[PDB]
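entry_17.cif (mmCIF, C-alpha atoms) appears below.
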data_target
#
loop_
_atom_site.label_atom_id
_atom_site.label_comp_id
_atom_site.auth_asym_id
_atom_site.auth_seq_id
_atom_site.Cartn_x
_atom_site.Cartn_y
_atom_site.Cartn_z
CA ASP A 32 16.68 -39.02 -18.68
CA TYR A 33 14.88 -37.13 -15.89
CA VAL A 34 13.81 -33.46 -16.11
CA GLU A 35 13.35 -31.47 -12.86
CA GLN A 36 9.95 -29.64 -12.86
CA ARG A 37 10.57 -26.62 -10.60
CA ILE A 38 8.16 -25.79 -7.79
CA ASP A 39 5.12 -23.68 -8.72
CA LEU A 40 3.13 -22.49 -5.76
CA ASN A 41 0.42 -20.80 -7.84
CA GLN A 42 -0.41 -24.11 -9.53
CA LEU A 43 -0.20 -25.89 -6.18
CA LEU A 44 -2.26 -23.48 -4.03
CA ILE A 45 -4.44 -21.36 -6.36
CA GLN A 46 -7.42 -22.69 -8.27
CA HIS A 47 -8.64 -19.33 -9.55
CA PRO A 48 -5.63 -17.03 -10.18
CA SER A 49 -7.81 -14.13 -11.31
CA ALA A 50 -10.09 -14.17 -8.28
CA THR A 51 -7.50 -14.92 -5.60
CA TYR A 52 -5.72 -12.43 -3.38
CA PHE A 53 -3.85 -12.42 -0.13
CA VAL A 54 -4.91 -10.74 3.11
CA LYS A 55 -2.68 -10.46 6.16
CA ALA A 56 -4.49 -11.62 9.31
CA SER A 57 -4.72 -9.49 12.41
CA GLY A 58 -5.03 -10.10 16.05
CA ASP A 59 -5.73 -13.48 17.45
CA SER A 60 -9.49 -13.93 17.38
CA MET A 61 -8.69 -16.89 15.18
CA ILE A 62 -5.66 -18.67 16.74
CA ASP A 63 -7.46 -21.91 17.56
CA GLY A 64 -8.25 -22.04 13.85
CA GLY A 65 -4.60 -21.85 12.89
CA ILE A 66 -4.52 -18.18 11.99
CA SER A 67 -2.26 -15.83 13.89
CA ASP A 68 -1.41 -12.21 13.75
CA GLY A 69 0.70 -11.76 10.66
CA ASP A 70 -0.05 -14.80 8.54
CA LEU A 71 -1.02 -14.44 4.93
CA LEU A 72 -4.42 -15.75 4.08
CA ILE A 73 -4.89 -16.85 0.52
CA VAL A 74 -8.43 -15.80 -0.43
CA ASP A 75 -10.58 -17.16 -3.28
CA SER A 76 -13.34 -14.77 -4.23
CA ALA A 77 -14.68 -17.02 -6.98
CA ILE A 78 -16.15 -19.61 -4.66
CA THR A 79 -19.33 -19.24 -2.65
CA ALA A 80 -18.88 -19.40 1.11
CA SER A 81 -20.42 -22.20 3.10
CA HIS A 82 -21.39 -22.92 6.68
CA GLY A 83 -18.04 -23.59 8.28
CA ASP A 84 -15.78 -21.77 5.84
CA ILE A 85 -13.42 -19.10 7.09
CA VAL A 86 -14.08 -15.85 5.22
CA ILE A 87 -12.90 -12.27 4.80
CA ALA A 88 -16.10 -10.32 5.44
CA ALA A 89 -17.36 -6.86 6.32
CA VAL A 90 -19.95 -6.51 9.06
CA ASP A 91 -21.44 -3.05 9.18
CA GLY A 92 -18.62 -1.70 6.98
CA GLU A 93 -15.76 -3.11 9.12
CA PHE A 94 -13.58 -5.95 7.79
CA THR A 95 -12.90 -9.24 9.60
CA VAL A 96 -11.74 -12.81 9.08
CA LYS A 97 -14.16 -15.14 10.78
CA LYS A 98 -15.85 -18.46 10.51
CA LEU A 99 -19.19 -18.33 8.76
CA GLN A 100 -22.17 -19.88 10.50
CA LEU A 101 -25.44 -20.13 8.51
CA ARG A 102 -27.26 -22.41 10.97
CA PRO A 103 -28.94 -22.29 13.34
CA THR A 104 -28.40 -18.58 12.58
CA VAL A 105 -26.11 -16.47 10.44
CA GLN A 106 -23.09 -15.42 12.47
CA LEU A 107 -19.39 -14.63 12.36
CA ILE A 108 -17.66 -16.68 15.05
CA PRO A 109 -14.06 -16.46 16.26
CA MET A 110 -11.77 -19.41 17.08
CA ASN A 111 -10.36 -18.18 20.36
CA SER A 112 -12.33 -18.81 23.56
CA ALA A 113 -11.76 -15.24 24.68
CA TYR A 114 -13.75 -13.76 21.82
CA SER A 115 -17.54 -13.77 21.45
CA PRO A 116 -19.58 -14.38 18.24
CA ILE A 117 -21.32 -11.78 16.05
CA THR A 118 -24.86 -12.47 14.88
CA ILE A 119 -25.99 -10.99 11.59
CA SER A 120 -29.42 -9.62 12.25
CA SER A 121 -31.68 -7.70 9.85
CA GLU A 122 -30.33 -4.37 11.13
CA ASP A 123 -26.89 -5.70 10.33
CA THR A 124 -25.14 -5.96 6.98
CA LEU A 125 -22.84 -8.85 6.21
CA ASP A 126 -20.57 -8.76 3.19
CA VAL A 127 -18.54 -11.88 2.31
CA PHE A 128 -15.53 -11.15 0.07
CA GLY A 129 -14.03 -14.60 -0.32
CA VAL A 130 -13.16 -17.90 1.35
CA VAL A 131 -9.78 -18.29 3.04
CA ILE A 132 -8.35 -21.38 1.25
CA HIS A 133 -4.84 -21.49 2.78
CA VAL A 134 -2.98 -19.93 5.63
CA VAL A 135 0.68 -19.21 5.05
CA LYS A 136 2.55 -19.12 8.36
CA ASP B 32 -54.03 15.23 -7.97
CA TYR B 33 -50.30 14.88 -7.24
CA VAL B 34 -48.57 11.79 -5.85
CA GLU B 35 -45.34 12.14 -3.86
CA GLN B 36 -42.58 10.00 -5.43
CA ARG B 37 -40.64 8.62 -2.41
CA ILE B 38 -36.85 9.21 -2.15
CA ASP B 39 -34.69 6.28 -3.29
CA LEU B 40 -31.07 6.52 -2.28
CA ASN B 41 -29.94 3.43 -4.24
CA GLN B 42 -31.08 4.88 -7.57
CA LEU B 43 -29.64 8.24 -6.62
CA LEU B 44 -26.25 7.06 -5.40
CA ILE B 45 -25.63 3.60 -6.87
CA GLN B 46 -24.99 2.84 -10.51
CA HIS B 47 -24.02 -0.83 -10.07
CA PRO B 48 -26.13 -2.28 -7.22
CA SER B 49 -24.53 -5.76 -7.52
CA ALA B 50 -20.96 -4.57 -7.36
CA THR B 51 -21.38 -1.89 -4.75
CA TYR B 52 -20.76 -2.17 -1.05
CA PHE B 53 -20.05 0.16 1.88
CA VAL B 54 -16.88 0.30 3.97
CA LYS B 55 -16.45 2.38 7.10
CA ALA B 56 -13.38 4.66 6.96
CA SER B 57 -10.77 4.60 9.67
CA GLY B 58 -8.37 7.09 11.18
CA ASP B 59 -7.79 10.37 9.46
CA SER B 60 -5.17 9.69 6.82
CA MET B 61 -7.83 11.07 4.51
CA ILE B 62 -9.46 14.13 6.20
CA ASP B 63 -8.35 16.77 3.69
CA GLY B 64 -10.15 14.61 1.15
CA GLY B 65 -13.44 14.72 2.97
CA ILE B 66 -13.14 11.34 4.67
CA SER B 67 -13.08 11.10 8.44
CA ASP B 68 -13.00 8.26 10.92
CA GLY B 69 -16.46 6.74 10.92
CA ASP B 70 -17.91 7.74 7.55
CA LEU B 71 -19.43 5.20 5.25
CA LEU B 72 -17.75 5.02 1.92
CA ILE B 73 -19.88 3.80 -0.91
CA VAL B 74 -17.63 1.60 -3.09
CA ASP B 75 -18.14 0.52 -6.67
CA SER B 76 -16.15 -2.60 -7.52
CA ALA B 77 -17.47 -2.56 -11.10
CA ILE B 78 -15.51 0.46 -12.31
CA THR B 79 -11.78 0.42 -12.92
CA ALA B 80 -9.75 2.77 -10.77
CA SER B 81 -7.94 5.70 -12.35
CA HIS B 82 -5.17 8.07 -11.44
CA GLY B 83 -6.75 10.30 -8.88
CA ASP B 84 -9.55 8.03 -7.70
CA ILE B 85 -9.85 7.22 -4.02
CA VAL B 86 -9.93 3.47 -3.63
CA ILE B 87 -10.18 0.61 -1.15
CA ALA B 88 -6.93 -1.28 -1.64
CA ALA B 89 -4.66 -3.83 0.04
CA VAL B 90 -0.94 -3.26 0.08
CA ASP B 91 0.94 -6.36 1.11
CA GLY B 92 -2.28 -7.85 2.41
CA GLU B 93 -3.24 -4.83 4.55
CA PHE B 94 -6.37 -2.86 3.54
CA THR B 95 -6.50 0.90 3.16
CA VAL B 96 -8.49 3.71 1.65
CA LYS B 97 -6.09 5.92 -0.24
CA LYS B 98 -5.83 8.00 -3.35
CA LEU B 99 -4.35 6.12 -6.29
CA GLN B 100 -1.40 7.63 -8.13
CA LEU B 101 -0.30 5.94 -11.34
CA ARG B 102 2.05 8.73 -12.45
CA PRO B 103 4.85 9.49 -12.19
CA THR B 104 4.91 6.26 -10.13
CA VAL B 105 2.33 3.86 -8.70
CA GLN B 106 1.51 4.99 -5.14
CA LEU B 107 -1.17 5.20 -2.47
CA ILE B 108 -1.14 8.75 -1.09
CA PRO B 109 -3.04 10.05 1.97
CA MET B 110 -4.87 13.41 2.19
CA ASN B 111 -3.55 14.61 5.51
CA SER B 112 -0.23 16.47 5.70
CA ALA B 113 0.85 14.44 8.67
CA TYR B 114 0.81 11.20 6.68
CA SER B 115 3.41 10.03 4.13
CA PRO B 116 2.89 8.29 0.73
CA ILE B 117 3.17 4.56 -0.05
CA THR B 118 5.01 3.52 -3.24
CA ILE B 119 4.08 0.25 -4.89
CA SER B 120 7.41 -1.26 -5.91
CA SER B 121 7.98 -4.64 -7.56
CA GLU B 122 8.56 -6.26 -4.15
CA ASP B 123 5.19 -4.89 -3.09
CA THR B 124 1.74 -6.05 -4.01
CA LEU B 125 -1.15 -3.66 -4.61
CA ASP B 126 -4.73 -4.85 -4.78
CA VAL B 127 -7.53 -2.39 -5.70
CA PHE B 128 -10.98 -3.54 -4.57
CA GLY B 129 -13.17 -0.65 -5.75
CA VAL B 130 -13.45 3.12 -6.30
CA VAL B 131 -15.06 5.15 -3.47
CA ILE B 132 -17.95 6.89 -5.28
CA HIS B 133 -19.59 8.68 -2.28
CA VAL B 134 -18.72 9.48 1.32
CA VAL B 135 -21.62 9.58 3.71
CA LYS B 136 -20.94 11.65 6.85
CA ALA B 137 -23.34 11.85 9.81
#

Can you turn what I pasted into structure tokens?
Amino acid sequence: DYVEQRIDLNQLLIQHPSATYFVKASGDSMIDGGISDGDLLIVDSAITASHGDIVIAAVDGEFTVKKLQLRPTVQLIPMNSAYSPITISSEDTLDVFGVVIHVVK
Amino acid sequence: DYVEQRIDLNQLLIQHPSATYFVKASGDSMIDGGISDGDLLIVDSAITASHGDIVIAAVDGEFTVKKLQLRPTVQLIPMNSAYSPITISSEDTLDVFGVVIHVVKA
């Protein structure tokens, strides 16, 4: 007869358990993207970011969660009309620490 | 004759170039420890933190630079009398992202 397999969120939401962590989002520079102040972002640091991905990054030593743009130029763009983009020029340092894979609201 | 061997900060300050990054400190929860709002902290993510090390960590998804205490209990303690400690209980999650190896003031 049937056997009830209990729910396992780690198997459901995490591909790389050893390179995945959660970051709490802040502010609302990313609301239009579904992220809001307080949510938990599930971050995978074992995958390489891509144009379009939402990433936890450090620009000039300060952390942020932004959308990665690699073309036409490397930038960190918000998802809230009120905010303005951040271009990563040569005098600027960009550090990508992982790709946000899920947002837990 | 003699040839001047140009200064190289990376060789001088960085042991693991590929696992080292810089974070800018915030607030003054760590002034008595030499860190002040604005400084660059050179972080080595290739060495495992130890009791006493100052680290970049996330407690319940929020990042911080604190001093790691593994004994008598696991905590994140400031270095400013005005601030109070943070214990890492079972209902809390602690994530250590690297040991601060140097503080660069300006």

Distance query residue A:98 at most 7 Å, all atoms listed in the file, self and fewer than 3 positions along chain excluded, as a PyMOL selection string = chain A and resi 83-86+107-109

Requested write-out: C-alpha atoms of the selected residues, as a PDB file, keeping the file's coordinate frame:
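This is the output file part.pdb:
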ATOM      1  CA  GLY A  83     -18.040 -23.590   8.280  1.00  0.00           C
ATOM      2  CA  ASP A  84     -15.780 -21.770   5.840  1.00  0.00           C
ATOM      3  CA  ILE A  85     -13.420 -19.100   7.090  1.00  0.00           C
ATOM      4  CA  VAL A  86     -14.080 -15.850   5.220  1.00  0.00           C
ATOM      5  CA  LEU A 107     -19.390 -14.630  12.360  1.00  0.00           C
ATOM      6  CA  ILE A 108     -17.660 -16.680  15.050  1.00  0.00           C
ATOM      7  CA  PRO A 109     -14.060 -16.460  16.260  1.00  0.00           C
TER       8      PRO A 109
END

Convert the output of the PyMOL selection byres ((chain A) within 9 of (chain B)) on the shown file into explicit residues, formatted as a PyMOL selection string. chain A and resi 52-56+71-72+89+91-94+126

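Coordinates place atom CA of residue A:130 at a distance of 16.7 Å from atom CA of residue A:67.
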
Atom pair atom CA of residue A:103 + atom CA of residue A:129, distance 21.6 Å

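Here atom CA of residue B:109 and atom CA of residue B:60 stand 5.3 Å from one another.
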
- Item | Residues returned when the PyMOL selection byres ((chain B and resi 51) around 8) runs on this file, as a VMD selection string | chain B and resid 45 47 to 50 52 to 53 73 to 77

Just the selected residues (C-alpha atoms), exported as a compact mmCIF listing (two decimals), in the frame of the given file, please.
# COMPACT_ATOMS: atom_id res chain seq x y z
CA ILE B 45 -25.63 3.60 -6.87
CA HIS B 47 -24.02 -0.83 -10.07
CA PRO B 48 -26.13 -2.28 -7.22
CA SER B 49 -24.53 -5.76 -7.52
CA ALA B 50 -20.96 -4.57 -7.36
CA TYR B 52 -20.76 -2.17 -1.05
CA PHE B 53 -20.05 0.16 1.88
CA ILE B 73 -19.88 3.80 -0.91
CA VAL B 74 -17.63 1.60 -3.09
CA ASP B 75 -18.14 0.52 -6.67
CA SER B 76 -16.15 -2.60 -7.52
CA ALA B 77 -17.47 -2.56 -11.10

Check which residues satisfy the PyMOL selection byres ((chain A and resi 78) around 9) in the file shown, then give them as a PyMOL selection string.
chain A and resi 47+50+75-77+79-80+129-130

Go ahead and write the selection's residues with C-alpha atoms as a PDB file, in the frame of the given file.
ATOM      1  CA  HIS A  47      -8.640 -19.330  -9.550  1.00  0.00           C
ATOM      2  CA  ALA A  50     -10.090 -14.170  -8.280  1.00  0.00           C
ATOM      3  CA  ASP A  75     -10.580 -17.160  -3.280  1.00  0.00           C
ATOM      4  CA  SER A  76     -13.340 -14.770  -4.230  1.00  0.00           C
ATOM      5  CA  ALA A  77     -14.680 -17.020  -6.980  1.00  0.00           C
ATOM      6  CA  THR A  79     -19.330 -19.240  -2.650  1.00  0.00           C
ATOM      7  CA  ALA A  80     -18.880 -19.400   1.110  1.00  0.00           C
ATOM      8  CA  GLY A 129     -14.030 -14.600  -0.320  1.00  0.00           C
ATOM      9  CA  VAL A 130     -13.160 -17.900   1.350  1.00  0.00           C
TER      10      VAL A 130
END

ask   = Quick one: residues within 9 Å of residue B:111, all atoms listed in the file counted, chain neighbours fewer than 5 positions away excluded, as a PyMOL selection string?
value = chain B and resi 59-64

(message) For residue A:68, find every residue with an atom within 9 Å (counting all atoms listed in the file), except residues of its own chain fewer than 5 positions away, and show them as a list in words.
(response) residues 55, 56, 57, 58, 59, 61 and 62 of chain A

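Distances to residue A:104 were evaluated for A:60, A:32, A:120, A:70 using all atoms listed in the file, and the minimum falls at A:120.
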
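Minimum distance to residue A:51 across A:114, A:106, A:136, A:131 (counting all atoms listed in the file) occurs at A:131.
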
Neighbourhood query: residues within 8 Å of (-25.2, -3.6, 8.7), file coordinates, counting only C-alpha atoms; return as a compact mmCIF listing (two decimals) with C-alpha atoms, keeping the file's coordinate frame.
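Dumped everything to part-v2.txt:
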# COMPACT_ATOMS: atom_id res chain seq x y z
CA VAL A 90 -19.95 -6.51 9.06
CA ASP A 91 -21.44 -3.05 9.18
CA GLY A 92 -18.62 -1.70 6.98
CA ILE A 119 -25.99 -10.99 11.59
CA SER A 121 -31.68 -7.70 9.85
CA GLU A 122 -30.33 -4.37 11.13
CA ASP A 123 -26.89 -5.70 10.33
CA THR A 124 -25.14 -5.96 6.98
CA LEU A 125 -22.84 -8.85 6.21

Counting all atoms listed in the file, which residues come within 7 Å of (-11.0, 3.6, -0.4), with the point read in the file's coordinates, and could you list them as a short mmCIF file (atom, residue, chain, number, x, y, z; two decimals) with C-alpha atoms, in the frame of the given file?
data_model
loop_
_atom_site.label_atom_id
_atom_site.label_comp_id
_atom_site.auth_asym_id
_atom_site.auth_seq_id
_atom_site.Cartn_x
_atom_site.Cartn_y
_atom_site.Cartn_z
CA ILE B 85 -9.85 7.22 -4.02
CA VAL B 86 -9.93 3.47 -3.63
CA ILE B 87 -10.18 0.61 -1.15
CA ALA B 88 -6.93 -1.28 -1.64
CA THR B 95 -6.50 0.90 3.16
CA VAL B 96 -8.49 3.71 1.65
CA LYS B 97 -6.09 5.92 -0.24
CA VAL B 130 -13.45 3.12 -6.30
CA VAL B 131 -15.06 5.15 -3.47
#
